[PDB]
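*Asks:* The following file, start27.txt, comprises compact mmCIF, N, CA and C atoms:
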```txt
# COMPACT_ATOMS: atom_id res chain seq x y z
N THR A 101 -115.82 -221.84 138.75
CA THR A 101 -114.79 -222.76 138.29
C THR A 101 -114.03 -223.30 139.49
N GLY A 102 -113.60 -224.56 139.40
CA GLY A 102 -112.91 -225.20 140.50
C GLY A 102 -111.47 -224.77 140.69
N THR A 103 -110.86 -224.17 139.66
CA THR A 103 -109.47 -223.76 139.78
C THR A 103 -109.30 -222.56 140.70
N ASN A 104 -110.31 -221.68 140.76
CA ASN A 104 -110.21 -220.48 141.58
C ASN A 104 -110.09 -220.83 143.06
N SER A 105 -109.24 -220.09 143.77
CA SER A 105 -109.07 -220.27 145.20
C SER A 105 -110.09 -219.42 145.94
N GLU A 106 -109.99 -219.37 147.27
CA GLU A 106 -110.99 -218.66 148.06
C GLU A 106 -110.82 -217.15 147.95
N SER A 107 -109.58 -216.66 147.94
CA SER A 107 -109.35 -215.22 147.79
C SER A 107 -109.81 -214.72 146.43
N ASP A 108 -109.67 -215.55 145.40
CA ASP A 108 -110.17 -215.18 144.08
C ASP A 108 -111.67 -214.98 144.11
N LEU A 109 -112.39 -215.91 144.75
CA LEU A 109 -113.83 -215.77 144.89
C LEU A 109 -114.17 -214.55 145.74
N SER A 110 -113.34 -214.24 146.73
CA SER A 110 -113.57 -213.06 147.55
C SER A 110 -113.50 -211.79 146.71
N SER A 111 -112.47 -211.68 145.87
CA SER A 111 -112.35 -210.51 145.00
C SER A 111 -113.50 -210.44 144.00
N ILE A 112 -113.85 -211.58 143.41
CA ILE A 112 -114.96 -211.62 142.46
C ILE A 112 -116.25 -211.15 143.13
N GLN A 113 -116.52 -211.65 144.34
CA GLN A 113 -117.74 -211.28 145.04
C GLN A 113 -117.72 -209.82 145.45
N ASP A 114 -116.54 -209.30 145.81
CA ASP A 114 -116.44 -207.88 146.12
C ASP A 114 -116.84 -207.04 144.92
N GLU A 115 -116.32 -207.38 143.74
CA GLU A 115 -116.68 -206.62 142.55
C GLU A 115 -118.16 -206.80 142.20
N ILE A 116 -118.69 -208.01 142.37
CA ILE A 116 -120.10 -208.27 142.06
C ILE A 116 -121.00 -207.44 142.96
N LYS A 117 -120.73 -207.44 144.26
CA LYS A 117 -121.55 -206.67 145.18
C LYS A 117 -121.38 -205.18 144.95
N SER A 118 -120.19 -204.74 144.54
CA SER A 118 -120.00 -203.35 144.17
C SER A 118 -120.91 -202.96 143.02
N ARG A 119 -120.96 -203.80 141.98
CA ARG A 119 -121.79 -203.48 140.83
C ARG A 119 -123.28 -203.60 141.14
N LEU A 120 -123.67 -204.54 142.00
CA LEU A 120 -125.07 -204.62 142.41
C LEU A 120 -125.48 -203.39 143.20
N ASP A 121 -124.60 -202.91 144.08
CA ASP A 121 -124.87 -201.66 144.79
C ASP A 121 -124.95 -200.49 143.81
N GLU A 122 -124.13 -200.51 142.76
CA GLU A 122 -124.24 -199.48 141.73
C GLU A 122 -125.59 -199.55 141.03
N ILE A 123 -126.08 -200.76 140.76
CA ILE A 123 -127.40 -200.91 140.15
C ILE A 123 -128.48 -200.32 141.04
N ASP A 124 -128.40 -200.63 142.34
CA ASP A 124 -129.36 -200.07 143.29
C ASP A 124 -129.28 -198.55 143.32
N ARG A 125 -128.06 -198.01 143.28
CA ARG A 125 -127.89 -196.56 143.25
C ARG A 125 -128.51 -195.95 142.00
N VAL A 126 -128.28 -196.57 140.84
CA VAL A 126 -128.88 -196.07 139.61
C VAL A 126 -130.40 -196.08 139.72
N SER A 127 -130.95 -197.14 140.33
CA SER A 127 -132.40 -197.19 140.54
C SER A 127 -132.87 -196.04 141.41
N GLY A 128 -132.15 -195.77 142.51
CA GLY A 128 -132.63 -194.79 143.47
C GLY A 128 -132.46 -193.36 143.01
N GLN A 129 -131.26 -193.01 142.55
CA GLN A 129 -130.91 -191.62 142.29
C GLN A 129 -131.54 -191.08 141.01
N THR A 130 -131.77 -191.94 140.02
CA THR A 130 -132.25 -191.49 138.71
C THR A 130 -133.67 -190.98 138.84
N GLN A 131 -133.82 -189.66 138.87
CA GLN A 131 -135.11 -189.01 139.02
C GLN A 131 -135.33 -188.00 137.90
N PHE A 132 -136.56 -187.93 137.41
CA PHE A 132 -136.94 -187.01 136.34
C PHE A 132 -138.04 -186.09 136.84
N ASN A 133 -137.79 -184.78 136.76
CA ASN A 133 -138.79 -183.75 137.07
C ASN A 133 -139.48 -184.03 138.40
N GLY A 134 -138.68 -184.34 139.41
CA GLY A 134 -139.23 -184.69 140.71
C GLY A 134 -140.02 -185.98 140.73
N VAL A 135 -139.65 -186.95 139.90
CA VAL A 135 -140.31 -188.25 139.87
C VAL A 135 -139.23 -189.32 139.77
N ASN A 136 -139.14 -190.17 140.79
CA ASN A 136 -138.20 -191.29 140.78
C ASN A 136 -138.83 -192.40 139.95
N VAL A 137 -138.45 -192.45 138.67
CA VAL A 137 -139.12 -193.35 137.73
C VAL A 137 -138.85 -194.81 138.08
N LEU A 138 -137.59 -195.16 138.32
CA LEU A 138 -137.22 -196.54 138.64
C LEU A 138 -137.13 -196.76 140.14
N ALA A 139 -138.18 -196.40 140.87
CA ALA A 139 -138.20 -196.62 142.31
C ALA A 139 -139.53 -197.12 142.84
N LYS A 140 -140.56 -197.24 141.99
CA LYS A 140 -141.87 -197.68 142.44
C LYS A 140 -142.71 -198.03 141.22
N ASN A 141 -143.53 -199.06 141.36
CA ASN A 141 -144.46 -199.43 140.30
C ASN A 141 -145.53 -198.36 140.15
N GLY A 142 -145.83 -198.00 138.91
CA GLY A 142 -146.84 -196.99 138.68
C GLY A 142 -147.18 -196.88 137.21
N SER A 143 -147.89 -195.80 136.88
CA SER A 143 -148.30 -195.55 135.51
C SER A 143 -148.40 -194.05 135.28
N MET A 144 -148.15 -193.64 134.04
CA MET A 144 -148.19 -192.24 133.66
C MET A 144 -149.23 -192.05 132.57
N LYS A 145 -149.99 -190.96 132.68
CA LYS A 145 -151.07 -190.66 131.75
C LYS A 145 -150.75 -189.35 131.04
N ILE A 146 -150.55 -189.42 129.72
CA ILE A 146 -150.19 -188.26 128.92
C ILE A 146 -151.40 -187.85 128.09
N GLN A 147 -151.85 -186.61 128.27
CA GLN A 147 -152.98 -186.08 127.51
C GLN A 147 -152.55 -185.85 126.07
N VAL A 148 -153.03 -186.70 125.16
CA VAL A 148 -152.67 -186.58 123.75
C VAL A 148 -153.93 -186.27 122.95
N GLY A 149 -154.88 -185.57 123.57
CA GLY A 149 -156.11 -185.19 122.91
C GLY A 149 -156.58 -183.85 123.41
N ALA A 150 -157.73 -183.42 122.89
CA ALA A 150 -158.32 -182.14 123.27
C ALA A 150 -159.42 -182.27 124.30
N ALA B 51 -202.44 -132.79 108.57
CA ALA B 51 -201.05 -132.37 108.61
C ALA B 51 -200.49 -132.39 110.03
N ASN B 52 -201.29 -132.00 111.02
CA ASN B 52 -200.84 -132.08 112.40
C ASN B 52 -200.56 -133.53 112.79
N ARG B 53 -201.44 -134.45 112.39
CA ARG B 53 -201.17 -135.86 112.66
C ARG B 53 -199.92 -136.33 111.93
N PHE B 54 -199.72 -135.90 110.69
CA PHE B 54 -198.52 -136.27 109.96
C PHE B 54 -197.26 -135.77 110.66
N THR B 55 -197.29 -134.54 111.16
CA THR B 55 -196.15 -134.00 111.89
C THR B 55 -195.88 -134.81 113.15
N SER B 56 -196.94 -135.20 113.86
CA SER B 56 -196.78 -136.05 115.03
C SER B 56 -196.09 -137.36 114.67
N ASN B 57 -196.54 -138.00 113.58
CA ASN B 57 -195.91 -139.25 113.17
C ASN B 57 -194.45 -139.04 112.77
N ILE B 58 -194.15 -137.95 112.06
CA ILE B 58 -192.77 -137.70 111.64
C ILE B 58 -191.86 -137.58 112.86
N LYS B 59 -192.26 -136.75 113.82
CA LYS B 59 -191.43 -136.55 115.00
C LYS B 59 -191.29 -137.85 115.80
N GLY B 60 -192.39 -138.59 115.94
CA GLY B 60 -192.33 -139.85 116.66
C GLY B 60 -191.39 -140.85 116.01
N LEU B 61 -191.44 -140.97 114.68
CA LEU B 61 -190.59 -141.94 114.01
C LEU B 61 -189.12 -141.53 114.06
N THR B 62 -188.84 -140.23 113.93
CA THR B 62 -187.46 -139.78 114.05
C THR B 62 -186.91 -140.10 115.44
N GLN B 63 -187.69 -139.79 116.48
CA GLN B 63 -187.25 -140.12 117.83
C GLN B 63 -187.11 -141.62 118.02
N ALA B 64 -187.98 -142.40 117.36
CA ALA B 64 -187.90 -143.85 117.48
C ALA B 64 -186.60 -144.38 116.88
N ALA B 65 -186.20 -143.86 115.72
CA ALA B 65 -184.92 -144.28 115.14
C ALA B 65 -183.76 -143.88 116.03
N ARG B 66 -183.81 -142.67 116.59
CA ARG B 66 -182.76 -142.24 117.51
C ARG B 66 -182.67 -143.18 118.71
N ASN B 67 -183.81 -143.58 119.26
CA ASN B 67 -183.82 -144.54 120.36
C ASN B 67 -183.26 -145.89 119.92
N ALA B 68 -183.60 -146.31 118.69
CA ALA B 68 -183.18 -147.62 118.21
C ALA B 68 -181.67 -147.72 118.12
N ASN B 69 -181.00 -146.64 117.70
CA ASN B 69 -179.54 -146.68 117.59
C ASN B 69 -178.88 -147.01 118.93
N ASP B 70 -179.49 -146.59 120.04
CA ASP B 70 -178.92 -146.87 121.36
C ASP B 70 -178.84 -148.37 121.63
N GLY B 71 -179.84 -149.12 121.16
CA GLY B 71 -179.79 -150.57 121.32
C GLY B 71 -178.60 -151.18 120.63
N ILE B 72 -178.30 -150.72 119.41
CA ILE B 72 -177.11 -151.19 118.70
C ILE B 72 -175.85 -150.86 119.49
N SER B 73 -175.79 -149.65 120.06
CA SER B 73 -174.63 -149.27 120.85
C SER B 73 -174.43 -150.22 122.04
N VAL B 74 -175.51 -150.45 122.80
CA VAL B 74 -175.43 -151.35 123.96
C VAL B 74 -175.00 -152.74 123.52
N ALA B 75 -175.58 -153.23 122.43
CA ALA B 75 -175.27 -154.56 121.95
C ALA B 75 -173.80 -154.69 121.58
N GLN B 76 -173.25 -153.68 120.90
CA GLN B 76 -171.84 -153.74 120.52
C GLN B 76 -170.94 -153.73 121.75
N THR B 77 -171.25 -152.89 122.74
CA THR B 77 -170.43 -152.86 123.95
C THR B 77 -170.44 -154.21 124.65
N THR B 78 -171.64 -154.78 124.84
CA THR B 78 -171.74 -156.08 125.49
C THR B 78 -171.05 -157.17 124.68
N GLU B 79 -171.10 -157.08 123.35
CA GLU B 79 -170.42 -158.07 122.52
C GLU B 79 -168.91 -157.99 122.70
N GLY B 80 -168.36 -156.78 122.79
CA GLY B 80 -166.93 -156.66 123.05
C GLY B 80 -166.54 -157.26 124.39
N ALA B 81 -167.33 -156.99 125.43
CA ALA B 81 -167.05 -157.59 126.73
C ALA B 81 -167.11 -159.11 126.66
N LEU B 82 -168.11 -159.65 125.96
CA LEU B 82 -168.23 -161.09 125.82
C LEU B 82 -167.04 -161.67 125.06
N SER B 83 -166.53 -160.94 124.07
CA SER B 83 -165.36 -161.40 123.34
C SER B 83 -164.14 -161.50 124.25
N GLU B 84 -163.96 -160.51 125.13
CA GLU B 84 -162.86 -160.60 126.09
C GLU B 84 -163.02 -161.80 127.01
N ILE B 85 -164.24 -162.03 127.50
CA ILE B 85 -164.49 -163.20 128.34
C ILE B 85 -164.18 -164.48 127.57
N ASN B 86 -164.53 -164.51 126.28
CA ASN B 86 -164.25 -165.68 125.44
C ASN B 86 -162.76 -165.93 125.34
N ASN B 87 -161.97 -164.87 125.15
CA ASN B 87 -160.52 -165.05 125.08
C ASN B 87 -159.97 -165.61 126.39
N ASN B 88 -160.45 -165.09 127.52
CA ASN B 88 -160.01 -165.62 128.81
C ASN B 88 -160.36 -167.09 128.95
N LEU B 89 -161.58 -167.47 128.56
CA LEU B 89 -162.00 -168.86 128.65
C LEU B 89 -161.14 -169.76 127.77
N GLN B 90 -160.81 -169.29 126.56
CA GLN B 90 -159.97 -170.07 125.67
C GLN B 90 -158.60 -170.32 126.28
N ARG B 91 -157.99 -169.28 126.87
CA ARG B 91 -156.69 -169.47 127.49
C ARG B 91 -156.77 -170.42 128.68
N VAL B 92 -157.85 -170.32 129.46
CA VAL B 92 -158.02 -171.24 130.59
C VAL B 92 -158.13 -172.68 130.10
N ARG B 93 -158.86 -172.89 129.01
CA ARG B 93 -158.96 -174.24 128.44
C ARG B 93 -157.60 -174.75 128.00
N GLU B 94 -156.80 -173.89 127.36
CA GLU B 94 -155.45 -174.31 126.97
C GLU B 94 -154.63 -174.69 128.19
N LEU B 95 -154.73 -173.91 129.26
CA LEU B 95 -153.99 -174.21 130.48
C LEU B 95 -154.41 -175.55 131.06
N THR B 96 -155.71 -175.85 131.04
CA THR B 96 -156.17 -177.14 131.54
C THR B 96 -155.66 -178.28 130.68
N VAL B 97 -155.65 -178.10 129.36
CA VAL B 97 -155.10 -179.13 128.48
C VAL B 97 -153.64 -179.37 128.81
N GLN B 98 -152.89 -178.30 129.09
CA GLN B 98 -151.49 -178.46 129.46
C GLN B 98 -151.34 -179.14 130.82
N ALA B 99 -152.25 -178.87 131.74
CA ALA B 99 -152.11 -179.34 133.11
C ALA B 99 -152.54 -180.79 133.31
N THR B 100 -153.49 -181.28 132.51
CA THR B 100 -154.01 -182.64 132.70
C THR B 100 -153.05 -183.68 132.10
```
Just give me the structure as structure tokens.
*Replies:*
Amino acid sequence: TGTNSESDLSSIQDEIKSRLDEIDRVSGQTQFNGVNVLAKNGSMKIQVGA
Amino acid sequence: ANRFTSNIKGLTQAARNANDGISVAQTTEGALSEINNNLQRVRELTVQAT
């Protein structure tokens, strides 16, 4: 919006980059059973037969 | 009569010998059953591991 001044955009961008860094942290730290699920493309194979 | 006595003693000894085969067979069957149980558990472990 054109009404916002430069410091307003600075605060907005600070919060935006904070939340983007939080998203990256959630991606990195969230690990299951020694597997970082949201950190690399892959596939899982579950034996559902005999 | 002497020949009949020979046959009687021979057949009695033959039956006594025959029982030993049943004994051996039962012992080996028990051992095979234990091996079967071990194999079954190993198969379950592989199903869990794959």
*Asks:* For a quick test of understanding: name the residues of chain A lying within 10 Å of chain B when counting only C-alpha atoms, and present them as a list in words.
*Replies:* residues 145, 146, 147, 148, 149 and 150 of chain A
*Asks:* Can you tell me, as a PyMOL selection string, which residues in segment 102-149 of chain A count as helix (DSSP H, G or I) by DSSP?
*Replies:* chain A and resi 106-129+137-139
*Asks:* May I ask for the distance between atom C of residue 139 of chain A and atom N of residue 124 of chain A, given in Å to one decimal place?
*Replies:*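 Between atom C of residue 139 of chain A and atom N of residue 124 of chain A the gap works out to 11.7 Å.
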*Asks:* Which value, in Å to one decimal, gives the distance between atom N of residue 92 of chain B and atom N of residue 74 of chain B?
*Replies:*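 Separating atom N of residue 92 of chain B from atom N of residue 74 of chain B is a distance of 27.4 Å.
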*Asks:* Could you state the separation of atom C of residue 51 of chain B and atom N of residue 67 of chain B in Å, given to one decimal place?
*Replies:*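 So the answer is 22.1 Å.
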